[PDB]
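Novice: fold the following, please.
(chains A, B, C, D and E)
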Amino acid sequence: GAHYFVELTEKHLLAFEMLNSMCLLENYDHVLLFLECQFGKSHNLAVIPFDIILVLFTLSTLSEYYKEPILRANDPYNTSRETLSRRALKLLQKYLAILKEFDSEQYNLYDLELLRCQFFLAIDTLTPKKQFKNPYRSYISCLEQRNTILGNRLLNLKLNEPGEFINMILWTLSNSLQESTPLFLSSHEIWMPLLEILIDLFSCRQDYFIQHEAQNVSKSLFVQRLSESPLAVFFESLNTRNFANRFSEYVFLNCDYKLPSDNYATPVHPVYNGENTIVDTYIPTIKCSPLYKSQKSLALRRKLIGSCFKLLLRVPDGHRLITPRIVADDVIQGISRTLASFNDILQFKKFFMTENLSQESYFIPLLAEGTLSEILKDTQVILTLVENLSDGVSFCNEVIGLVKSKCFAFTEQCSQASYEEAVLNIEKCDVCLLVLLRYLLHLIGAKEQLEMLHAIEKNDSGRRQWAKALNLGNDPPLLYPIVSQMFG
Amino acid sequence: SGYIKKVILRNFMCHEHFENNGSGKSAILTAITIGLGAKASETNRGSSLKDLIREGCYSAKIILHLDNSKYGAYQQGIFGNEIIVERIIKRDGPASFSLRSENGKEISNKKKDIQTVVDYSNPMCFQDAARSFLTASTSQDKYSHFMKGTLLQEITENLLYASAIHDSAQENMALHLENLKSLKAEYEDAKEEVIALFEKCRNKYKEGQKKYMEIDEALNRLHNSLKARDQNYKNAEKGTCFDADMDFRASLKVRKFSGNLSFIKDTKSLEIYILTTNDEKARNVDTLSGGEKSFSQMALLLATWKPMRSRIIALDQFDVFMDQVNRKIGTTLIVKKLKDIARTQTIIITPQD
Amino acid sequence: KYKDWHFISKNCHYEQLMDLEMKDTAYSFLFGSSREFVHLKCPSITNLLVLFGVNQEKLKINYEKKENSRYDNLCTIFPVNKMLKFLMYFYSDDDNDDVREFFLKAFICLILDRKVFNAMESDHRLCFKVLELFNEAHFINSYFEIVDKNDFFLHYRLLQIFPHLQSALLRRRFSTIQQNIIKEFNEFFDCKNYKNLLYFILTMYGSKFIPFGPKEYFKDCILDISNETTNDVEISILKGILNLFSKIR
Amino acid sequence: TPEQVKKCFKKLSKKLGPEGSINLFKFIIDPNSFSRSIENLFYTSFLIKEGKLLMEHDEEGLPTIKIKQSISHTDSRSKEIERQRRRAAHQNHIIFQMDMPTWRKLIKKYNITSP
Amino acid sequence: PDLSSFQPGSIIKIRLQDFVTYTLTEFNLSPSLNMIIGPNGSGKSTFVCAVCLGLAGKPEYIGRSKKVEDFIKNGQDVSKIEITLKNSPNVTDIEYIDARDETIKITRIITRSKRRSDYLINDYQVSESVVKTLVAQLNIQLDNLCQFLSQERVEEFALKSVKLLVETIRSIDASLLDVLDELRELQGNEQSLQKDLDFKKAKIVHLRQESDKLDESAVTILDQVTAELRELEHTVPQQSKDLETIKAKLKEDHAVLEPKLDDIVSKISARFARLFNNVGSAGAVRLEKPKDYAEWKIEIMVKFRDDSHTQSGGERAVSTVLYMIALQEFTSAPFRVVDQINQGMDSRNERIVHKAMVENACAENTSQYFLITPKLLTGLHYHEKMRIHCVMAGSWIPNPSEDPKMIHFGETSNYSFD
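Specialist: Numbering: from 1, shown residues only, chains lettered A, B, ... in the order given. Dropping the coordinates below:
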């Protein structure tokens, strides 16, 4: 009963011993059916044991595309006409949404706290290195003699291996933007969704850890209470001290901006053998567009970044965080010198254009301004839009000053010699303004709006006539038709 | 229903007429065994039926009252509401064997009738048979004990035999298919008396053909059956051995112990991982002694009969090497596990009160 | 077994679908509350369904031509979460009743086929968003056009993603219900219909009429007929589910 | 009375007292029989195996069985591990040999309890 | 050193170091008899393991374990088994020891990776063969089960009657067992060769059919048939002569085995009946001698009121105990070991066997005997020479490793008053 520990009622001991014995008899179909048969029926909330959390972490890591015969040989009938792995992931995500509600109006508080305890104990075992003990006593559990589940060894017993918990993030980020089916499938149904759950649980164990650590404590020691934080040990997996030029290059592994790292790309290998191989008796069915390919890969990269400034906001203004040796500013400028360096503007937009605008606040309208400041260093300054986030008159004065400062207009007479890069530069520098603009409207719910409107109209007319004077057959990257339509 | 109600003895062993060991302990079990369609050769308490007769009489008979009044009754409209089966043994001539109704009208003097009423026979359910289980055993002994108790070994063994038949059938069809080629080859050899010889080779080829499809048809149905049987044996082995697993953990909690029992299928053991109130790691089966051996023993007992849906259970002389101090605890476990059941009548017999 | 109505039969029109993605992906941050010119290549719902890979006149299951027994027919299908994203545009809340009913029928028939479900995302947010657009009474009365009596196979496929319909469709199929269930059980039991009975067991359990717990004589009827030991592959699983569901509270 | 283990506890915490102390010189003895003089020892072995009697030899020489009376606290979050470590503090196992001829030598100390 | 009543070859005191439950605790035994008692699983029935090891014995003679080093306490390094035994005036030809000392101590220190470690006789370095020959020259043989019966050896002793007869003959006269097994083998050879001769006769008759039915080719085959008939007619007399030789062998075997076995069985029968009539019941033994000698066996009849299949385990255990009592005068060992034997059987026969062994073990010129029992029954028959040692698991030693002055704790039968 160290912390967040919950003692067992007898009405749940039956279920946890039942499921554990079922898992002992290598019949996991009945294990999953027990959870699926009483999910949305009644207000009982049959929580999964933490050791049965681990096996579902393992059942998810085994999909048909590289082990079809084993999944059929476990159960040749396929009662629900689905694989064990997909049902496992569906069960994890279903209990995942329930966890981040704490909605006690229908469930019971004891059950909800037990569920949180089980998840936290499950995730606390993952201790990253750099290169089984059941706290319960009412029942004897599995995983005490069982190490492997149907070929794949385990997760907490594998990510704890040296030089591996840094490897699998690299694996899932590199293989997300892949054209080959054996490589693409390895991080689309295997390591994208599991990593999403991993990040979300590491973000929730932190949320619980901050409150129920040390109230009324010294700042120089409260900042020290963040070096052993779960998110701190999570980021300790990065085995470098060059985060101003490393963490900006781990998140964007397979992306192609202007990659200047003369160092060799990090070696990327599968965690489990045979992962990057398609099985003969299974043909893929889903046709994933490359746009859809990169649309669900940057929503994960940003969410991994979103868990980085979340500890960084908690670092006090006086001292700096100890264990990772990172600064809340060296990674705003580091996640800017690549973001403004993109080649494919589609990836630029889909990263900056975020589908969860409310939850992904408080750092997107910081990297936006950071990128704009860096890109005005080449377009030709002090940018203070973020400090103005409340009053719109400040935005309008700053933006009219900027457009009058010749930052949104094109460059000097060199037009066709370096058109392809200049146009990309100037259209990239506009998306950040658009995003900050959108954040302005969403965070705010007069004549200065009209002033900026006609100013951007004049600037757009100038760039259009510049494109025409460039004896060009197509239009420039206009900005106004979006602004006028959004404002109304 | 189907549970034995009353036992009637007439001049058998050391009892003339009644309704320490030797003084009426193994005699009842032998009467149940023989009065249910079994020979005295596989009883080891008298190699012949005529020797089982009380010395001082000529004819011995035992009346066994089955219960035919509930679900699973065998022809309640004909056999009344209580099956009465008796076997009469005398010193000479054929053994006497009858089917009797509730009121008393005789049904059938056929020995197959006894063997079908009961088949409508389990050895473990109904002293030395218990002591063979209820004694010192190894890891790869209790697995066989439980498998035979559930008749699972026999079920699996029959499947293995039929599986070999499928292989044997697969070998034969390969031979038949080769015979097609040779008869077709001989068809090429002879390709007016030679013409008659030429044609007669093809008719053998047709016989080889017709026999071949018969083998494939039979084999395919047999092969399809076995694949179902393998499937129908594994799901009758998962859901059956599992019910034995809970009643080992829900029975191990009465001494404030914890543990389970595995069913490792590649080395064929039934290791008992039991833990005490002051241990941390899953302990072995041989390190424990005394109370942690008898209480594991009797728990391993009670779990075995759970998966099989019967209506009466009997046991004799469970005090083979458990001390009385631990025998009382075992008795408490028995009464708490079995007294609450309203669909299983326990007929355990024990000398001490 | 392997043949479960495969609602998408033909191949998908991937180039036009990718182009219409390229148009739609910029349609999210200029609207999002107000209600479309991004899609005009599919002026009607039937055009969108045809572009999806659906054949002509496609909305019903009637079982004369072994309809819910079509084989694999390995044509690549399109991702589902975006599939619902394009379908939601044809909602037309304030419009004719017939088009709304057609839209609901198309939604239902695209839910419960093998190709779509076997490639479902674990997020499961769009389908619920479509679901809240209708109430359960009209969703279950003007429901799937599946035969209610004979086919419970798709009843399980329905009450495996929308579990709160558990007590909603039971009083629709069984319109006294507790004994209606057992009389229906005897019909399948005295029909050698061992395959259609499995999903019949898996579906209704957990509702108000057939709860869990040690208490029903279904186990009794499945225990009487087991003497063959070679009868059917679908008879030993059924008793395992039956005695597993008894030991749950 | 085969088991009769709890009868010793019911005589102890009804006549001796919740924190009383008696010895081999007082309890295991029997002035007329030898069977009852060793069954009491055997039942004491059961009681101390059950961990309900406090038995520490003082340097006087006489043994001390006193009723181990933990003050009533049903919490076991650390009482269980306290007892489990006390039993893990390995408890070298007394050979309490008592013989036939000398059963009359240690009656109390000089052959007088109740002959 | 109160050795006034100790017979030679006995054990005076048993100290033990680093055992599975025994870090350091000491006994001090008796010349006549010693009942060990205590609670279940308290490590009382393993001082027999300690003595079986400390007398240069094998580990398989116990059955508790299978490897020699399994007896070392897990968490320790070396186990020391230091034991004293009374010197005998007849044992001689022993190194590093004279014939004047009246107490000698044999000690073995088994280490982790070397099972066959050195021994220690009176604090002197002694090898394995020397200590084995010395323990043999104490005419104590743990090999002979009737001299050493461990917890798992009751089955090996009995509970079919055939091996009961085998162990009977082993205990009474090993030479009779040596002639017995050779008799069995020669009977098997007789049976095999009788079948061989029957086959030869049938084949002789068979070839006559071809010799008679034989077409010039018929006569040509006839000649070969006659040649084969002649060579087989040569072969058969050799088999007949060998069969006659083995017949003479079996005649000698029967003429040397049956009478002495019958006489010894009758003597044991008379002694058994004399012992068991005091019980108040009828008991006798039959030596069953089938035609197939391999099934020769000893069956004891029991009749308490006026093989492994017919008798109850308790009745067979009583028969074994009374048989050991009968062999007491026929086996010349100075101490005997019977262990845990009292299980699974009623209290009345417990009283019977305990009283019989008390009466027969404490008598004059009788060999020392060991009894172990997990239950001490009320109102047992006790003897003046008898001594009791209680073995207990428990909680409260001030460690003998810390205070060896207590190493005889509670032992009061070694105090002499002046």
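
Novice: spatially central residue in the chain, please.
Specialist: No chain in the question, so chain A it is. residue A:303 (2.5 Å; Cα atoms, centre = their mean).

Novice: switch to chain C, please.
Specialist: Short answer for chain C (Cα atoms, centre = their mean): residue C:112, at 3.3 Å.

Novice: ok, it to chain D distance?
Specialist: 51 Å (Cβ to the nearest Cβ, to the nearest Å). In short, each C-beta sits where N, CA and C put it, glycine included.

Novice: okay, now the nearest residue to that residue once chain neighbours are set aside: neighbour count?
Specialist: In this structure, residue C:112 finds its nearest non-sequential neighbour in residue C:157, 5.0 Å apart by Cβ to Cβ, 6 or more residues apart in numbering or on different chains. Neighbour count for residue C:157, taken as other Cβ atoms under 10 Å in any protein chain shown: 22.

Novice: residue C:157 touches residue C:117, doesn't it?
Specialist: Yes. Counting by Cβ atoms under 8 Å, residue C:157 does reach residue C:117; the two are 6.9 Å apart.

Novice: next, show the common contact partners of the two.
Specialist: With contacts taken as Cβ atoms under 8 Å, 6 or more residues apart in numbering or on different chains, residue C:157 and residue C:117 have residue A:81 as neighbours in common.

Novice: element containing the residue nearest to the centre of chain A, please.
Specialist: Per DSSP states H and E: residue A:303 is located in helix A:298-306.

Novice: so the residue nearest to residue C:112: helix, strand or coil?
Specialist: On the three-state scheme (DSSP: H, G, I helix; E, B strand; the rest coil), residue C:157 is labelled helix.

Novice: do you know how far it is from residue A:420?
Specialist: 52 Å (Cβ to Cβ, to the nearest Å).

Novice: neighbours around residue C:146, how many?
Specialist: Count around residue C:146 with other Cβ under 10 Å applied: 22.

Novice: how about it, what does it touch?
Specialist: Residues near residue C:146 by Cβ under 8 Å, 6+ apart: C:61, C:154-155.

Novice: for those residues, give me a markdown table that also has neighbour count and distance to chain D.
Specialist: Below are the contacts of residue C:146 laid out as a markdown table (neighbours: other Cβ atoms under 10 Å in any protein chain shown; distance: Cβ to the nearest Cβ, whole Å):
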| residue | neighbour count | distance to chain D |
| --- | --- | --- |
| C:61 | 16 | 60 |
| C:154 | 20 | 52 |
| C:155 | 22 | 49 |
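
Novice: let me know the closest of those to residue A:3.
Specialist: residue C:155 (45.5 Å; Cβ to Cβ).

Novice: show me the contacts for the nearest residue in space to the closest one that is not next to it in sequence.
Specialist: Among residues not flanking residue C:155 along the chain, residue C:203 sits closest, at 4.6 Å (Cβ to Cβ, 6+ apart). Taking Cβ under 8 Å, 6+ apart, we find residue C:203 in contact with C:152, C:155-156, C:159.

Novice: ok, now how distant is the residue in chain C that chain D sits nearest to from chain E?
Specialist: In chain C, the residue that lies nearest chain D is residue C:249 (26.6 Å; Cβ to the nearest Cβ). Noted for residue C:249: a distance of 38 Å to chain E, by Cβ to the nearest Cβ.

Novice: surely residue B:16 touches residue B:54?
Specialist: Yes. Contact status for residue B:16 versus residue B:54: in contact at 6.8 Å, counting by Cβ under 8 Å.

Novice: the more surrounded of these two?
Specialist: Taking other Cβ under 10 Å, residue B:16 and residue B:54 do not tie; residue B:54 has more neighbours (16 against 11).

Novice: helix/strand/coil for the residue nearest the centre of chain E?
Specialist: Among the residues of chain E, residue E:145 comes closest to the average C-alpha position under Cα atoms, centre = their mean, at 0.8 Å. Here residue E:145 is coil, with the state taken from three-state DSSP.

Novice: ok, now which ones touch it?
Specialist: With Cβ under 8 Å, 6+ apart, residue E:145 has these contacts: E:153, E:156-157, E:167, E:170-171.

Novice: what subset of those residues is buried?
Specialist: E:153, E:157, E:167, E:170-171 (16 or more other Cβ atoms under 10 Å in any protein chain shown).

Novice: output the residues you listed in CSV; the columns should cover distance to chain B and secondary structure.
Specialist: What follows is these, written out as CSV (distance: Cβ to the nearest Cβ, whole Å; DSSP: H, G, I helix; E, B strand; the rest coil):
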residue, distance to chain B, secondary structure
E:153, 13, helix
E:157, 16, helix
E:167, 21, helix
E:170, 25, helix
E:171, 25, helix
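
Novice: which one of the residues you listed is nearest to chain A?
Specialist: Distance to chain A, by Cβ to the nearest Cβ, is smallest for residue E:153 among those, at 34.1 Å.

Novice: just to check, that closest one is in contact with residue E:63?
Specialist: Yes. Counting by Cβ under 8 Å, residue E:153 touches residue E:63, with 6.6 Å between them.

Novice: for residue E:107, give its distance to chain A.
Specialist: 40 Å.

Novice: in the sheet, who's paired with that residue?
Specialist: residue E:82, residue E:120 (DSSP bridges).

Novice: where do the domain boundaries of the chain fall?
Specialist: Just so you know, I chose chain A. Annotated domains of chain A cover A:1-156, A:166-329, A:339-487 [automatic domain parsing].

Novice: my bad, the chain I had in mind was chain E
Specialist: If you go by automatic domain parsing, chain E breaks into E:11-158+E:334-406, E:178-258.
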